[PDB]
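To keep things clear, I will list the structure first and then write my remarks on it.
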Amino acid sequence: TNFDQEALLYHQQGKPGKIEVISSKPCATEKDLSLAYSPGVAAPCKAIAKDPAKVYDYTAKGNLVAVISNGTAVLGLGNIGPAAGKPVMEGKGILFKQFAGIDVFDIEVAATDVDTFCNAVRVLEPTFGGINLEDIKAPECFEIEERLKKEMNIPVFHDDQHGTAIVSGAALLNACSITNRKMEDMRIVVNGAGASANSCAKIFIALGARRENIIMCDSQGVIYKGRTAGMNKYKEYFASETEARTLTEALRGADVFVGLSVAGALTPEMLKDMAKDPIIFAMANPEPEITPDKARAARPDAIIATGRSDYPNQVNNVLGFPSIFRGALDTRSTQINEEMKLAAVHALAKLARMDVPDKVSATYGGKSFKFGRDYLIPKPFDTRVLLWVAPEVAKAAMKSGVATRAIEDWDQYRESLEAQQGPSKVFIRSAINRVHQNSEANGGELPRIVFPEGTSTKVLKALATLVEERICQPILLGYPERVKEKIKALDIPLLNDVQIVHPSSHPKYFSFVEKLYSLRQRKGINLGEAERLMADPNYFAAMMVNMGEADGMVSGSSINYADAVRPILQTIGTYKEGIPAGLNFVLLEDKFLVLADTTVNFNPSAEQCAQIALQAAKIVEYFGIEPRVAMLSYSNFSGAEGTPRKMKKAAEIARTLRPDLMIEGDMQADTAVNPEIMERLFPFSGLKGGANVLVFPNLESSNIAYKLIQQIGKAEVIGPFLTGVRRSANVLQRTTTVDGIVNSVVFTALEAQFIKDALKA
Ligand SMILES: NC(=O)c1ccc[n+]([C@@H]2O[C@H](COP(=O)([O-])OP(=O)(O)OC[C@H]3O[C@@H](n4cnc5c(N)ncnc54)[C@H](OP(=O)(O)O)[C@@H]3O)[C@@H](O)[C@H]2O)c1
């Protein structure tokens, strides 16, 4: 088919291969090269000589894992040599980085001999922090893995050996917990004994099971002690003394069936002879041992957990090894013992026993997952796997004593793992922590945020994420029966105690109408119009925030920006001199930039531009950053008629209002953001160090710039966030994702807290 040709093109387009080695530190200036190389490179080397433990602090040893192979068990191809298995190694390293943020040096060793292979790997100690054996044929894999573990003083893990056992072991706990099948009376049969099967039997035994109920099969029927030594000695370790010697006979009364063999190894005769709840594992990749559709045609009580991406409960190795190595490497452990492997088994099992956010669903075609029978293990592309399995593996290293580094703060450890998702995740987590610390000084009082669109799916999905973070107390607006129907349909268990208010049925509804009428009676609104407006949730939510029934509101997900801002501007107002304005955060690796005004004012005047700068400067001061404001123009300090004169005057007005801030203009965009340009060309400017607040002359420039930065610049931009309003209120867009709604609610909660304490003082 075209898939194989497309794969060849994927490995040949542009740069051949799939990996690239780049520098993580500045290496452009001569000073940069002198720091990275001689004579600056000698200083880190001296420290490692005195203290060998510093090799984990000055080099990339703490994040480097070697995927070493000899190419004798490359997938289903078999023994194709080490060079032919190179693309598999490169793909394995990609999975390591994409799911655990681990740098990988893939190694192919042209030595099929066990003794030669072990000596070559053993001398590679001072390079890598861990070794990942992969695609090594039996029985050579067992002997290589054992000696390497004893000799090498760094974690050694054969993914083909233990990786599948951990994922299947986690599924077994989830499968039995929904069938009342206590492991003490739990019969296990593994068909196709080999590299993975031996570890699977050992893993199950460590999971409260006994070898007496475990029987292993082979191509020559069912093996047992009566067989004349079978093959090798590894499979003889778990061999039982059961008289049965046929897969048909041995599967009678078998609680589970682990199909780690070739395709077409199941018959309906033993499919209807296992138990009241049989658990089967169709692990063969080229073709499943038993198709789930065929199994469903048989006894429906058969729990099926295959190993293919086209069916539920896929057993994927990518769930086990990235998080396990991340936990071992972060704790600087010296081994990957059974204690840590069991921790990953438990962590994966508990993770499936949890709610599935829309991020997992949207990744897999927008499906639904619950802890039932079609979802027994976390999905391979689930982001939370690293956030849950890795800390569990890290803890097991501490309790087993292998770990040589201490993780005292565990909340910081998860947010360090979460920080791998980008600067936007870091920025929002910092804002979430600020909300928590603001609430902690307020006595644990979370802000109340009302949503006029409780029927909206994106708002409801975002609220599922927001309640777990303890950011706010959400209030939904609408018919309680109509929104609870959608809450149940979308299956959020956390959104069950959430308060739902119908505007017309509220006890304070008629008091709200009188307040709206008194505010708008000489602005074209009569009593009949006020009653009709107050029935609209957007107007009702604005009056709850204005009166005090809520601290903030988030709307605009189902209407245009202009139609959603209007109730906020009419019910709530602006402050003494405030002006409504949209605000965007441009999140860079080192700093962040504030852009205003991006959504409201078409052509602000000099007085309005100065007010916009002051509002944006206060938002920057929320985070403890010193605001440095630049009025943007197409010219550099000219004051010519039009925009340059307006922006020059805007800076003068703003400096008068807040004389303790760095406000300057008019400049160009590159002059504002580059400190080197400012010092070289305009040393007279009062703005030093670069601007972090950017004020635009009109809406065309501000809107186009932040949308071009988001698209072309590939920088993280979050917003827009409404500013200049008397109370906390934010307006979404129809195109906002649930992640953008989460950021908007976090900003609304942050602004509500600041408005609350400012009003308190
Ligand atoms: N996705 C996963 O998590 C995962 C993990 C492991 C394996 N698998 C799949 O499961 C299969 C087996 O694993 P493997 O790669 O280790 O296999 P393998 O050893 O390469 O070959 C299967 C072995 O099982 C035995 N066997 C062959 N046909 C059999 C049959 N009809 N009934 C019973 N035993 C039979 C043979 O043992 P003798 O050599 O003693 O005759 C053979 O060596 C492969 O298809 C593999 O891709 C999937």
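Ordered as shown in the structure tokens, chains take letters A, B, and onward, while each chain numbers its residues from 1 and ligands are numbered from 1 in the order shown.
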According to DSSP computed on the backbone, where in region 442-604 of chain A is there strand (DSSP E)? Give the residues as JSON, numbers by chain. {"A": [448, 449, 450, 451, 473, 474, 475, 476, 477, 499, 500, 501, 552, 553, 554, 555, 581, 582, 583, 584, 585, 586, 587, 592, 593, 594, 595, 596]}
Please return as JSON, numbers by chain: the residues of region 452-594 of chain A that backbone DSSP assigns to helix (DSSP H, G or I). {"A": [457, 458, 459, 460, 461, 462, 463, 464, 465, 466, 467, 468, 480, 481, 482, 483, 484, 485, 486, 487, 488, 489, 490, 509, 510, 511, 512, 513, 514, 515, 516, 517, 518, 519, 520, 521, 522, 523, 527, 528, 529, 530, 531, 532, 533, 534, 535, 537, 538, 539, 540, 541, 542, 543, 544, 545, 546, 547, 561, 562, 563, 564, 565, 566, 567, 568, 569, 570, 571]}
Taking only C-alpha atoms and all ligand atoms into account, which residues have an atom no farther than 6 Å from ligand 1? I'd like them as a PyMOL selection string. chain A and resi 164+191-196+218-219+260-262+265+283-285+307+315-317
Selection: 12 Å around region 487-495 of chain A, only C-alpha atoms, excl. self and same-chain fewer than 3 positions, as a PyMOL selection string: chain A and resi 354-358+361+366-370+454-470+473-476+480-484+498-500
Can you pull out the residues contacting residue 388 (chain A)? Cut-off 12 Å, using only C-alpha atoms, and skip same-chain residues under 2 positions away; I want them as a ChimeraX atom specification. /A:100,319-320,322-324,326-327,343-352,354,378,382-386,390-395,410-411,413-415,417-418
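For residue 61 (chain A), the residues within 7 Å (counting only C-alpha atoms, excluding itself and residues fewer than 2 positions away along the chain) are residues 55, 56, 59, 63, 64, 127, 128 and 129 of chain A.
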